[PDB]
Amino acid sequence: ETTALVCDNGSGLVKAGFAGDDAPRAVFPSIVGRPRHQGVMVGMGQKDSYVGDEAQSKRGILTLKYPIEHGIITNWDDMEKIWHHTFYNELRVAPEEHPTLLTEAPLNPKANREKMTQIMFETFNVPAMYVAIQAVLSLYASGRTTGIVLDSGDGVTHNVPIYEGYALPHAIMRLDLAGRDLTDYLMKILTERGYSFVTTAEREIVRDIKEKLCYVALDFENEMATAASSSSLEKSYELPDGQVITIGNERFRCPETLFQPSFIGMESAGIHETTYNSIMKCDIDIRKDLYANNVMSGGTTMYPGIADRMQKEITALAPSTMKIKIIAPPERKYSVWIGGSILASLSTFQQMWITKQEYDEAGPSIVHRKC
Amino acid sequence: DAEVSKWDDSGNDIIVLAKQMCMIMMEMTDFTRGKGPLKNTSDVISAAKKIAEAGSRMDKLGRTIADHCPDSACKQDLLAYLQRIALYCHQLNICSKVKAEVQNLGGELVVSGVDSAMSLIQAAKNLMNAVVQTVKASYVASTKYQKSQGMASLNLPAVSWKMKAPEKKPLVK
Amino acid sequence: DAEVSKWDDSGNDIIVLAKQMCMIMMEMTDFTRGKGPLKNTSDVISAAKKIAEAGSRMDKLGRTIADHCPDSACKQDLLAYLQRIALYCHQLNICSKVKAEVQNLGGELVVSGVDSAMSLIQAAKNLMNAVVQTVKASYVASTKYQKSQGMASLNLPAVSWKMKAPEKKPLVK
Ligand SMILES: Nc1ncnc2c1ncn2[C@@H]1O[C@H](COP(=O)(O)OP(=O)(O)O)[C@@H](O)[C@H]1O
Ligand SMILES: [Mg+2]
């Protein structure tokens with residue numbers, strides 16, 4: 001009765017569904033495209049915004065905007081179009097009778113979740129609401145209560161170290177390098193062969209390139225010496241207009257900026273010594289249980305060979321007696337949602353919602369106290 | 001497509017109409033393969049003037065809901081598809097009368113069945129691809145504003161629309 | 001651990017229930033070294049949905065003792081472990097449906113036995129470690145408040161719990 005909704009509204013992809021299930025009912029990209037050309041036929045027009053899946057079948061006449069950049073909602077009029085699309089047009093539910101479980105990255109602005117609270121209560125009129133952290137929900141879905149979670153998505157990657165249900169907020173690190181900064185590095189790195197992708201609708205083609213041909217080399221300075229001696233690493237890809245491109249050493253140079261972020265001009269360290277500098281800011285008694293429970297979540301952690309590369313780079317930093325086990329589940333793209341369906345369908349969680357009656361005695365500043 | 005096949009025939013007046021039009025268009029799409037009741041081009045013209053008449057009645061059914069909708073920000077997703085139905089039925093009326101008189105003035109050797117009546121299938125499957133978004137944008141406009149005055153007089157509850165919740169997306173592969 | 005092995009099988013309802021759950025957990029423990037009746041991953045999922053049902057009955061039996069305690073100063077150590085077994089069986093129910101669909105969609109080659117079914121063993125080791133504290137916190141609340149009215153109606157004397165006195169500590173070395 002009154003099954004809750006779990007809407008993980010990440011950057012780049014929106015995953016929604018019902019609480020208590022094991023798979024999302026709605027996975028569509030988080031874009032709102034508007035037409036940029038001149039309409040000549042009468043009737044084609046009077047429709048100035050395509051949201052989600054029909055803005056990628058009809059791209060090529062649209063300019064595609066992302067409302068969430070770096071985990072922060074930049075466009076508050078286009079984010080209401082995606083929430084209106086994912087309730088009525090995509091899930092086919094009425095939000096007046098279901099409580100929703102939203103999802104936010106750590107270390108975001110406090111006025112980002114202050115306006116998600118205002119929108120769901122004064123526009124969609126949900127009975128109850130709750131805003132959770134991403135990397136705490138990918139420990140629910142992993143069968144653990146202790147561990148350190150590297151959650152690499154599209155806007156941000158962050159580490160949250162948790163020991164026996166107790167989080168250490170002084171050791172939560174956050175990078176703004178993520179998967180969308182590997183798409184924009186692949187557009188620049190492909191111009192050395194002649195292929196120039198420019199437009200916003202041509203960035204979705206080079207995004208589909210990195211999901212199919214890109215991988216992580218276990219030894220980078222050796223792999224660049226065998227990518228030039230022979231041509232056994234090259235693979236071909238067919239564009240939507242029939243042209244065939246050929247990619248050589250740009251298959252592993254694109255996910256290598258997660259481990260060497262000096263390729264994009266960032267001064268920060270890689271993701272292998274960000275997940276280690278946050279272990280070494282935890283207390284000494286719990287470091288043996290974080291080396292062995294190293295949960296990897298999110299979509300950008302799905303390259304072939306990102307687990308065997310990351311075990312190589314923490315064992316070179318950790319002491320030689322610790323064993324290091326990296327937990328990469330096969331379904332780790334939807335791990336943040338599955339732990340959201342676990343938490344919202346819980347028997348002891350049902351007194352932790354922010355009810356609509358509670359929203360009147362406070363303002364939108366109640367979400368900081370209750371979450 | 002298969003979205004119309006995922007509905008039930010015991011629905012309201014719009015879903016029983018939108019499922020009749022997909023049964024007409026299913027007779028025309030396999031004419032490219034020749035596995036239907038339409039034998040030659042002279043049945044494709046009579047079927048195209050049938051789907052253009054049924055499509056011209058959902059323009060009338062959709063506009064009664066667009067008049068009872070009180071919010072001006074809600075009809076803009078609905079009137080954008082009622083203007084595409086009004087065009088795609090006007091092409092199917094006139095570009096069937098053209099292919100009727102070409103068949104009489106020239107004979108049977110002029111039109112070749114497949115790859116000659118494909119101007120009638122293309123204008124029909126673009127009507128069907130613009131008629132499932134005026135039963136989806138009309139389902140939103142009749143249940144989001146159900147409690148408003150005027151919409152309840154149409155007698156269209158949310159249980160009358162026979163659309164279900166979608167299927168679970170696959171986790172791997 | 002070996003504390004459950006030191007209990008007798010002729011006890012009351014809670015001791016005979018916590019003896020069955022350690023027999024299920026011992027079938028998943030040796031699967032990490034491959035010496036158990038559970039041969040592949042498809043038997044670990046059936047056992048994890050079995051230990052999540054037997055562990056969901058001690059949440060029922062543990063709450064018939066927690067409400068009969070007279071004051072709220074003694075059940076704080078009992079409700080703290082009853083809320084942990086509410087979480088550890090909800091993970092075992094849902095993360096067994098998730099690992100059943102991954103085994104069904106991608107096939108049997110995606111799961112690898114060891115290092116793939118360890119997400120169910122780790123959530124079951126934490127259920128067993130939070131159910132032997134639920135026996136020990138319920139043994140205290142059943143004998144410290146035995147003479148009060150309400151606790152004697154459960155028919156739980158101190159002799160029904162078959163837990164013995166601990167061993168002598170070693171003096172040297
Ligand atoms: N096979 C893949 N290889 C590399 N990157 C991938 C792959 N599949 C998805 N991604 C990336 O994952 C991101 C989308 O997945 P997800 O982490 O759920 O996104 P978000 O957190 O923005 O909702 C995108 O940046 C996409 O490029
Ligand atoms: Mg995410």
# chains A, B, ... in the order shown; residues from 1 in each chain; ligands from 1
>>> interface_residues(of="chain B", to="chain A", cutoff="10 Å", atoms="only C-alpha atoms", output="JSON list (two decimals) with C-alpha atoms, in the first residue's frame")
[["chain", "number", "residue", "atom", "x", "y", "z"],
["B", 76, "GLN", "CA", 0.59, 23.11, -25.03],
["B", 77, "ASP", "CA", 1.78, 19.51, -24.96],
["B", 78, "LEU", "CA", -1.65, 18.40, -26.27],
["B", 79, "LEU", "CA", -2.41, 20.97, -28.98],
["B", 80, "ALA", "CA", 0.99, 20.31, -30.56],
["B", 81, "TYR", "CA", -0.18, 16.83, -31.58],
["B", 82, "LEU", "CA", -3.74, 17.77, -32.52],
["B", 83, "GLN", "CA", -2.21, 19.96, -35.24],
["B", 84, "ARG", "CA", -0.15, 17.07, -36.58],
["B", 85, "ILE", "CA", -3.22, 14.85, -36.86],
["B", 86, "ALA", "CA", -5.00, 17.61, -38.79],
["B", 87, "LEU", "CA", -2.16, 17.60, -41.35],
["B", 88, "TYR", "CA", -1.49, 13.87, -41.70],
["B", 133, "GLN", "CA", 1.23, 10.89, -28.22],
["B", 136, "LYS", "CA", -0.45, 9.80, -23.77],
["B", 137, "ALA", "CA", -0.63, 13.59, -23.53],
["B", 139, "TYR", "CA", -4.01, 10.69, -20.34],
["B", 140, "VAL", "CA", -1.84, 13.18, -18.47],
["B", 141, "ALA", "CA", -4.25, 16.08, -19.02],
["B", 143, "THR", "CA", -5.80, 12.69, -14.54],
["B", 144, "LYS", "CA", -3.46, 15.51, -13.45],
["B", 158, "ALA", "CA", -7.66, 7.16, -14.21],
["B", 163, "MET", "CA", -2.22, 1.59, -19.45],
["B", 164, "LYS", "CA", -0.02, -0.30, -17.00],
["B", 165, "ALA", "CA", 3.27, 0.42, -15.30],
["B", 166, "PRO", "CA", 6.28, -0.27, -17.57],
["B", 167, "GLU", "CA", 8.51, -3.32, -17.43],
["B", 168, "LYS", "CA", 11.72, -3.59, -15.41],
["B", 169, "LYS", "CA", 14.85, -2.54, -17.27],
["B", 170, "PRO", "CA", 17.61, -5.18, -17.51],
["B", 171, "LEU", "CA", 20.46, -4.76, -15.05],
["B", 172, "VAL", "CA", 23.24, -6.34, -17.14],
["B", 173, "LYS", "CA", 23.92, -6.73, -20.88]]
>>> interface_residues(of="chain C", to="chain B", cutoff="9 Å", atoms="only C-alpha atoms", output="ChimeraX atom specification")
/C:98,101-102,105-106
>>> residues_around(residues="residue 54 (chain A)", least_positions_apart="3", cutoff="12 Å", atoms="only C-alpha atoms", output="PyMOL selection string")
(chain A and resi 28-34+49-51+57-62+64+85+89-90) or (chain B and resi 133)
>>> write_last_selection(atoms="N, CA, C and O atoms", output="JSON list (two decimals), in the first residue's frame")
[["chain", "number", "residue", "atom", "x", "y", "z"],
["A", 28, "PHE", "N", 16.18, 6.93, -18.72],
["A", 28, "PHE", "CA", 16.26, 7.79, -19.89],
["A", 28, "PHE", "C", 17.27, 8.89, -19.62],
["A", 28, "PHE", "O", 17.51, 9.24, -18.46],
["A", 29, "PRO", "N", 17.92, 9.43, -20.66],
["A", 29, "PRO", "CA", 18.91, 10.48, -20.44],
["A", 29, "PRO", "C", 18.29, 11.78, -19.94],
["A", 29, "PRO", "O", 17.12, 12.07, -20.19],
["A", 30, "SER", "N", 19.10, 12.55, -19.23],
["A", 30, "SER", "CA", 18.64, 13.77, -18.58],
["A", 30, "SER", "C", 19.00, 14.98, -19.45],
["A", 30, "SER", "O", 19.85, 15.80, -19.11],
["A", 31, "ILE", "N", 18.32, 15.08, -20.59],
["A", 31, "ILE", "CA", 18.50, 16.17, -21.53],
["A", 31, "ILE", "C", 17.15, 16.78, -21.86],
["A", 31, "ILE", "O", 16.12, 16.10, -21.83],
["A", 32, "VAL", "N", 17.15, 18.07, -22.15],
["A", 32, "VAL", "CA", 15.98, 18.79, -22.64],
["A", 32, "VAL", "C", 16.42, 19.52, -23.90],
["A", 32, "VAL", "O", 17.11, 20.54, -23.82],
["A", 33, "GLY", "N", 16.03, 19.01, -25.06],
["A", 33, "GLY", "CA", 16.42, 19.59, -26.33],
["A", 33, "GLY", "C", 15.35, 20.51, -26.88],
["A", 33, "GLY", "O", 14.16, 20.24, -26.74],
["A", 34, "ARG", "N", 15.78, 21.60, -27.51],
["A", 34, "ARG", "CA", 14.92, 22.55, -28.17],
["A", 34, "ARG", "C", 15.36, 22.73, -29.62],
["A", 34, "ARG", "O", 16.56, 22.72, -29.90],
["A", 49, "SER", "N", 10.18, 21.75, -26.88],
["A", 49, "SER", "CA", 11.02, 21.07, -25.91],
["A", 49, "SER", "C", 10.75, 19.57, -25.97],
["A", 49, "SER", "O", 9.61, 19.14, -25.77],
["A", 50, "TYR", "N", 11.79, 18.80, -26.22],
["A", 50, "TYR", "CA", 11.74, 17.35, -26.18],
["A", 50, "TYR", "C", 12.61, 16.88, -25.02],
["A", 50, "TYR", "O", 13.75, 17.32, -24.89],
["A", 51, "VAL", "N", 12.07, 16.00, -24.18],
["A", 51, "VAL", "CA", 12.71, 15.61, -22.93],
["A", 51, "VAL", "C", 13.01, 14.12, -22.98],
["A", 51, "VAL", "O", 12.13, 13.31, -23.27],
["A", 57, "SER", "N", 16.28, 10.54, -30.34],
["A", 57, "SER", "CA", 15.85, 10.07, -31.64],
["A", 57, "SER", "C", 15.65, 11.23, -32.61],
["A", 57, "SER", "O", 15.82, 11.05, -33.82],
["A", 58, "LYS", "N", 15.33, 12.41, -32.09],
["A", 58, "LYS", "CA", 15.10, 13.59, -32.91],
["A", 58, "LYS", "C", 16.24, 14.59, -32.81],
["A", 58, "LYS", "O", 16.05, 15.76, -33.16],
["A", 59, "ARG", "N", 17.41, 14.18, -32.34],
["A", 59, "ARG", "CA", 18.56, 15.07, -32.37],
["A", 59, "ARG", "C", 19.06, 15.21, -33.80],
["A", 59, "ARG", "O", 18.76, 14.40, -34.68],
["A", 60, "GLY", "N", 19.84, 16.25, -34.04],
["A", 60, "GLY", "CA", 20.17, 16.67, -35.37],
["A", 60, "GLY", "C", 19.37, 17.86, -35.85],
["A", 60, "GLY", "O", 19.76, 18.49, -36.83],
["A", 61, "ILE", "N", 18.25, 18.16, -35.20],
["A", 61, "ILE", "CA", 17.56, 19.43, -35.36],
["A", 61, "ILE", "C", 17.42, 20.16, -34.03],
["A", 61, "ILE", "O", 16.78, 21.20, -33.97],
["A", 62, "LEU", "N", 18.00, 19.61, -32.96],
["A", 62, "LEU", "CA", 17.86, 20.14, -31.62],
["A", 62, "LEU", "C", 19.22, 20.54, -31.07],
["A", 62, "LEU", "O", 20.26, 20.06, -31.51],
["A", 64, "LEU", "N", 20.99, 20.26, -27.40],
["A", 64, "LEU", "CA", 20.76, 19.44, -26.23],
["A", 64, "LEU", "C", 21.45, 20.05, -25.03],
["A", 64, "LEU", "O", 22.67, 20.19, -25.01],
["A", 85, "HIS", "N", 8.28, 14.67, -16.61],
["A", 85, "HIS", "CA", 8.32, 13.60, -17.60],
["A", 85, "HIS", "C", 8.42, 12.24, -16.94],
["A", 85, "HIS", "O", 7.82, 11.27, -17.41],
["A", 89, "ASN", "N", 4.59, 10.88, -17.73],
["A", 89, "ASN", "CA", 4.77, 10.35, -19.07],
["A", 89, "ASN", "C", 5.59, 9.07, -19.10],
["A", 89, "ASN", "O", 5.50, 8.33, -20.08],
["A", 90, "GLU", "N", 6.38, 8.79, -18.07],
["A", 90, "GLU", "CA", 7.32, 7.68, -18.11],
["A", 90, "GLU", "C", 7.01, 6.58, -17.11],
["A", 90, "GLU", "O", 7.11, 5.40, -17.44],
["B", 133, "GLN", "N", 0.89, 9.78, -29.09],
["B", 133, "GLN", "CA", 1.23, 10.89, -28.22],
["B", 133, "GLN", "C", 0.08, 11.86, -28.03],
["B", 133, "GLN", "O", 0.25, 12.89, -27.37]]
>>> residues_near_ligand(ligand="ligand 1", cutoff="8 Å", atoms="only C-alpha atoms and all ligand atoms", output="JSON, numbers by chain")
{"A": [8, 9, 10, 11, 12, 13, 14, 15, 151, 152, 153, 154, 155, 156, 178, 179, 180, 182, 183, 207, 208, 210, 211, 212, 214, 215, 297, 298, 299, 300, 301, 302, 303, 304, 333, 334]}
>>> write_last_selection(atoms="N, CA and C atoms", output="mmCIF file, in the first residue's frame")
data_model
loop_
_atom_site.group_PDB
_atom_site.id
_atom_site.type_symbol
_atom_site.label_atom_id
_atom_site.label_comp_id
_atom_site.auth_asym_id
_atom_site.auth_seq_id
_atom_site.Cartn_x
_atom_site.Cartn_y
_atom_site.Cartn_z
ATOM 1 N N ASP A 8 16.435 8.373 -8.655
ATOM 2 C CA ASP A 8 17.851 8.731 -8.613
ATOM 3 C C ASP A 8 18.123 9.632 -9.808
ATOM 4 N N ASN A 9 18.043 10.940 -9.581
ATOM 5 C CA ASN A 9 18.142 11.921 -10.658
ATOM 6 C C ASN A 9 19.589 12.394 -10.818
ATOM 7 N N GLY A 10 20.416 11.482 -11.296
ATOM 8 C CA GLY A 10 21.804 11.806 -11.520
ATOM 9 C C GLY A 10 22.002 12.646 -12.756
ATOM 10 N N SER A 11 23.241 13.083 -12.947
ATOM 11 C CA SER A 11 23.604 13.770 -14.175
ATOM 12 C C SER A 11 23.725 12.758 -15.302
ATOM 13 N N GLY A 12 23.222 13.111 -16.473
ATOM 14 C CA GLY A 12 23.423 12.245 -17.616
ATOM 15 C C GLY A 12 22.432 11.112 -17.782
ATOM 16 N N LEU A 13 21.849 10.624 -16.690
ATOM 17 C CA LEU A 13 20.873 9.544 -16.752
ATOM 18 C C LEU A 13 19.943 9.655 -15.557
ATOM 19 N N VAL A 14 18.657 9.415 -15.783
ATOM 20 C CA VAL A 14 17.651 9.443 -14.729
ATOM 21 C C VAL A 14 17.105 8.034 -14.575
ATOM 22 N N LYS A 15 17.215 7.483 -13.371
ATOM 23 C CA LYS A 15 16.727 6.146 -13.065
ATOM 24 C C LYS A 15 15.644 6.259 -12.009
ATOM 25 N N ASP A 151 32.262 6.193 -5.930
ATOM 26 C CA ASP A 151 31.063 6.305 -6.754
ATOM 27 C C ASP A 151 31.350 7.268 -7.899
ATOM 28 N N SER A 152 31.733 6.717 -9.045
ATOM 29 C CA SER A 152 32.106 7.491 -10.220
ATOM 30 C C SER A 152 30.916 7.559 -11.167
ATOM 31 N N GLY A 153 30.358 8.749 -11.347
ATOM 32 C CA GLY A 153 29.193 8.875 -12.196
ATOM 33 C C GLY A 153 29.411 9.697 -13.447
ATOM 34 N N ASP A 154 28.668 10.783 -13.582
ATOM 35 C CA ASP A 154 28.797 11.677 -14.719
ATOM 36 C C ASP A 154 29.202 13.084 -14.329
ATOM 37 N N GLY A 155 28.779 13.561 -13.166
ATOM 38 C CA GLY A 155 29.174 14.876 -12.712
ATOM 39 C C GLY A 155 30.339 14.866 -11.745
ATOM 40 N N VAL A 156 30.266 14.034 -10.702
ATOM 41 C CA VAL A 156 31.278 13.990 -9.656
ATOM 42 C C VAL A 156 31.614 12.546 -9.316
ATOM 43 N N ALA A 178 34.816 13.530 -13.812
ATOM 44 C CA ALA A 178 33.930 12.377 -13.896
ATOM 45 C C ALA A 178 33.806 11.972 -15.358
ATOM 46 N N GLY A 179 32.745 11.229 -15.676
ATOM 47 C CA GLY A 179 32.593 10.667 -17.007
ATOM 48 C C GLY A 179 32.342 11.679 -18.108
ATOM 49 N N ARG A 180 31.703 12.807 -17.791
ATOM 50 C CA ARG A 180 31.454 13.810 -18.821
ATOM 51 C C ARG A 180 32.709 14.584 -19.194
ATOM 52 N N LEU A 182 35.486 12.923 -19.565
ATOM 53 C CA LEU A 182 36.149 11.989 -20.461
ATOM 54 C C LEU A 182 35.543 12.005 -21.852
ATOM 55 N N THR A 183 34.284 12.426 -21.978
ATOM 56 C CA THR A 183 33.710 12.668 -23.294
ATOM 57 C C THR A 183 34.336 13.894 -23.942
ATOM 58 N N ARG A 207 30.164 9.952 -27.081
ATOM 59 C CA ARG A 207 29.873 9.305 -25.809
ATOM 60 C C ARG A 207 29.592 7.826 -26.011
ATOM 61 N N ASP A 208 28.940 7.473 -27.117
ATOM 62 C CA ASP A 208 28.720 6.072 -27.441
ATOM 63 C C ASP A 208 29.980 5.387 -27.935
ATOM 64 N N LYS A 210 33.051 5.878 -26.372
ATOM 65 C CA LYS A 210 33.762 5.504 -25.155
ATOM 66 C C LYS A 210 33.051 4.409 -24.373
ATOM 67 N N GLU A 211 31.760 4.193 -24.606
ATOM 68 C CA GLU A 211 31.073 3.088 -23.956
ATOM 69 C C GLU A 211 31.282 1.760 -24.663
ATOM 70 N N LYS A 212 31.957 1.745 -25.805
ATOM 71 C CA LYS A 212 32.092 0.535 -26.599
ATOM 72 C C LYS A 212 33.525 0.153 -26.906
ATOM 73 N N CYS A 214 36.482 1.986 -25.369
ATOM 74 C CA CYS A 214 37.458 2.442 -24.392
ATOM 75 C C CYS A 214 37.653 1.413 -23.289
ATOM 76 N N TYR A 215 38.891 1.307 -22.814
ATOM 77 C CA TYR A 215 39.263 0.364 -21.770
ATOM 78 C C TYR A 215 40.427 0.961 -20.997
ATOM 79 N N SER A 297 31.152 1.853 -7.426
ATOM 80 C CA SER A 297 29.798 2.034 -7.928
ATOM 81 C C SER A 297 29.780 2.954 -9.140
ATOM 82 N N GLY A 298 28.592 3.275 -9.638
ATOM 83 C CA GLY A 298 28.443 4.245 -10.701
ATOM 84 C C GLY A 298 28.834 3.717 -12.068
ATOM 85 N N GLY A 299 28.454 4.483 -13.092
ATOM 86 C CA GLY A 299 28.605 4.021 -14.459
ATOM 87 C C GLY A 299 30.002 4.139 -15.022
ATOM 88 N N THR A 300 30.779 5.120 -14.562
ATOM 89 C CA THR A 300 32.125 5.324 -15.088
ATOM 90 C C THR A 300 33.103 4.264 -14.598
ATOM 91 N N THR A 301 32.726 3.473 -13.597
ATOM 92 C CA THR A 301 33.545 2.367 -13.124
ATOM 93 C C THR A 301 33.284 1.078 -13.889
ATOM 94 N N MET A 302 32.814 1.169 -15.134
ATOM 95 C CA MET A 302 32.448 0.000 -15.920
ATOM 96 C C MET A 302 33.378 -0.231 -17.104
ATOM 97 N N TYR A 303 34.538 0.415 -17.122
ATOM 98 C CA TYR A 303 35.510 0.145 -18.167
ATOM 99 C C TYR A 303 36.122 -1.238 -17.966
ATOM 100 N N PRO A 304 36.462 -1.933 -19.047
ATOM 101 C CA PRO A 304 37.109 -3.240 -18.899
ATOM 102 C C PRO A 304 38.533 -3.119 -18.394
ATOM 103 N N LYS A 333 26.146 -0.214 -12.194
ATOM 104 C CA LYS A 333 25.621 1.044 -12.705
ATOM 105 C C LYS A 333 24.369 1.463 -11.947
ATOM 106 N N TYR A 334 23.530 0.499 -11.572
ATOM 107 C CA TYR A 334 22.284 0.763 -10.869
ATOM 108 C C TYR A 334 22.388 0.506 -9.374
#
>>> residues_around(residues="region 120-128 of chain C", least_positions_apart="2", cutoff="10 Å", atoms="only C-alpha atoms", output="ChimeraX atom specification")
/A:140,142-145 /C:1,18,21-22,24-26,28-29,31-32,44-45,47-49,51-52,55,84-93,95-96,99,116-118,130-134
>>> select_by_dssp(residues="region 231-354 of chain A", states="strand (DSSP E or B)", output="VMD selection string")
chain A and resid 235 to 238 244 to 247 294 to 297 326 to 327 354
>>> write_last_selection(atoms="N, CA, C and O atoms", output="PDB file, in the first residue's frame")
ATOM      1  N   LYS A 235      40.514  -0.553 -33.386  1.00  0.00           N
ATOM      2  CA  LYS A 235      39.176  -1.072 -33.610  1.00  0.00           C
ATOM      3  C   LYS A 235      38.360  -0.020 -34.343  1.00  0.00           C
ATOM      4  O   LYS A 235      38.551   1.180 -34.144  1.00  0.00           O
ATOM      5  N   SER A 236      37.445  -0.481 -35.186  1.00  0.00           N
ATOM      6  CA  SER A 236      36.666   0.398 -36.042  1.00  0.00           C
ATOM      7  C   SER A 236      35.260   0.592 -35.494  1.00  0.00           C
ATOM      8  O   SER A 236      34.687  -0.297 -34.862  1.00  0.00           O
ATOM      9  N   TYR A 237      34.705   1.772 -35.755  1.00  0.00           N
ATOM     10  CA  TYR A 237      33.370   2.139 -35.311  1.00  0.00           C
ATOM     11  C   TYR A 237      32.660   2.828 -36.463  1.00  0.00           C
ATOM     12  O   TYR A 237      33.281   3.584 -37.212  1.00  0.00           O
ATOM     13  N   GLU A 238      31.364   2.569 -36.607  1.00  0.00           N
ATOM     14  CA  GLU A 238      30.578   3.085 -37.719  1.00  0.00           C
ATOM     15  C   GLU A 238      29.665   4.199 -37.227  1.00  0.00           C
ATOM     16  O   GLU A 238      28.830   3.977 -36.345  1.00  0.00           O
ATOM     17  N   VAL A 244      33.182   5.166 -41.360  1.00  0.00           N
ATOM     18  CA  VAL A 244      33.895   4.266 -40.463  1.00  0.00           C
ATOM     19  C   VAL A 244      35.141   4.986 -39.969  1.00  0.00           C
ATOM     20  O   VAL A 244      35.973   5.422 -40.773  1.00  0.00           O
ATOM     21  N   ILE A 245      35.264   5.119 -38.653  1.00  0.00           N
ATOM     22  CA  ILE A 245      36.434   5.720 -38.041  1.00  0.00           C
ATOM     23  C   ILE A 245      37.282   4.614 -37.429  1.00  0.00           C
ATOM     24  O   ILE A 245      36.821   3.496 -37.197  1.00  0.00           O
ATOM     25  N   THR A 246      38.549   4.923 -37.176  1.00  0.00           N
ATOM     26  CA  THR A 246      39.497   3.954 -36.642  1.00  0.00           C
ATOM     27  C   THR A 246      40.256   4.597 -35.493  1.00  0.00           C
ATOM     28  O   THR A 246      40.844   5.669 -35.658  1.00  0.00           O
ATOM     29  N   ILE A 247      40.243   3.944 -34.333  1.00  0.00           N
ATOM     30  CA  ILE A 247      40.778   4.498 -33.097  1.00  0.00           C
ATOM     31  C   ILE A 247      41.913   3.611 -32.616  1.00  0.00           C
ATOM     32  O   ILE A 247      41.737   2.399 -32.464  1.00  0.00           O
ATOM     33  N   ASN A 294      36.281  -2.523  -0.580  1.00  0.00           N
ATOM     34  CA  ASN A 294      36.482  -1.370  -1.452  1.00  0.00           C
ATOM     35  C   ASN A 294      35.400  -1.408  -2.526  1.00  0.00           C
ATOM     36  O   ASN A 294      35.612  -1.944  -3.615  1.00  0.00           O
ATOM     37  N   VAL A 295      34.245  -0.834  -2.221  1.00  0.00           N
ATOM     38  CA  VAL A 295      33.095  -0.901  -3.114  1.00  0.00           C
ATOM     39  C   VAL A 295      33.270   0.117  -4.231  1.00  0.00           C
ATOM     40  O   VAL A 295      33.628   1.271  -3.980  1.00  0.00           O
ATOM     41  N   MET A 296      33.025  -0.309  -5.468  1.00  0.00           N
ATOM     42  CA  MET A 296      33.046   0.569  -6.628  1.00  0.00           C
ATOM     43  C   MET A 296      31.649   0.639  -7.220  1.00  0.00           C
ATOM     44  O   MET A 296      31.033  -0.397  -7.483  1.00  0.00           O
ATOM     45  N   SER A 297      31.152   1.853  -7.426  1.00  0.00           N
ATOM     46  CA  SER A 297      29.798   2.034  -7.928  1.00  0.00           C
ATOM     47  C   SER A 297      29.780   2.954  -9.140  1.00  0.00           C
ATOM     48  O   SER A 297      30.837   3.353  -9.637  1.00  0.00           O
ATOM     49  N   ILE A 326      38.788  -5.418  -4.049  1.00  0.00           N
ATOM     50  CA  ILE A 326      37.959  -4.395  -4.674  1.00  0.00           C
ATOM     51  C   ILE A 326      36.690  -5.061  -5.181  1.00  0.00           C
ATOM     52  O   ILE A 326      36.747  -6.000  -5.982  1.00  0.00           O
ATOM     53  N   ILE A 327      35.547  -4.579  -4.710  1.00  0.00           N
ATOM     54  CA  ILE A 327      34.258  -5.203  -4.967  1.00  0.00           C
ATOM     55  C   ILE A 327      33.613  -4.454  -6.126  1.00  0.00           C
ATOM     56  O   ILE A 327      33.054  -3.370  -5.951  1.00  0.00           O
ATOM     57  N   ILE A 354      10.209  13.176   5.537  1.00  0.00           N
ATOM     58  CA  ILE A 354       9.857  14.566   5.794  1.00  0.00           C
ATOM     59  C   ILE A 354       8.430  14.742   5.296  1.00  0.00           C
ATOM     60  O   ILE A 354       8.202  14.941   4.103  1.00  0.00           O
TER      61      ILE A 354
END
>>> select_by_dssp(residues="chain B", states="alpha helix (DSSP H)", output="number ranges by chain")
B: 2-5, 15-29, 41-68, 79-106, 118-128, 137-143
>>> residues_around(residues="residue 368 (chain A)", least_positions_apart="6", cutoff="9 Å", atoms="only C-alpha atoms", output="ChimeraX atom specification")
/A:110,113-114
>>> residues_around(residues="residue 159 (chain A)", least_positions_apart="4", cutoff="7 Å", atoms="only C-alpha atoms", output="PyMOL selection string")
chain A and resi 148-151+172-174+275
>>> write_last_selection(atoms="C-alpha atoms", output="PDB file, in the first residue's frame")
ATOM      1  CA  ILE A 148      34.749   2.679   1.360  1.00  0.00           C
ATOM      2  CA  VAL A 149      32.675   3.591  -1.689  1.00  0.00           C
ATOM      3  CA  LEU A 150      34.130   5.076  -4.860  1.00  0.00           C
ATOM      4  CA  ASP A 151      31.063   6.305  -6.754  1.00  0.00           C
ATOM      5  CA  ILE A 172      34.799  12.419   2.452  1.00  0.00           C
ATOM      6  CA  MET A 173      36.660  13.531  -0.668  1.00  0.00           C
ATOM      7  CA  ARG A 174      35.023  14.751  -3.860  1.00  0.00           C
ATOM      8  CA  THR A 275      40.647   6.494  -2.297  1.00  0.00           C
TER       9      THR A 275
END
>>> atom_distance(atom1="CA of residue 160 (chain C)", atom2="CA of residue 73 (chain C)")
24.5 Å
>>> residues_around(residues="residue 260 (chain A)", least_positions_apart="6", cutoff="9 Å", atoms="only C-alpha atoms", output="ChimeraX atom specification")
/A:268-271
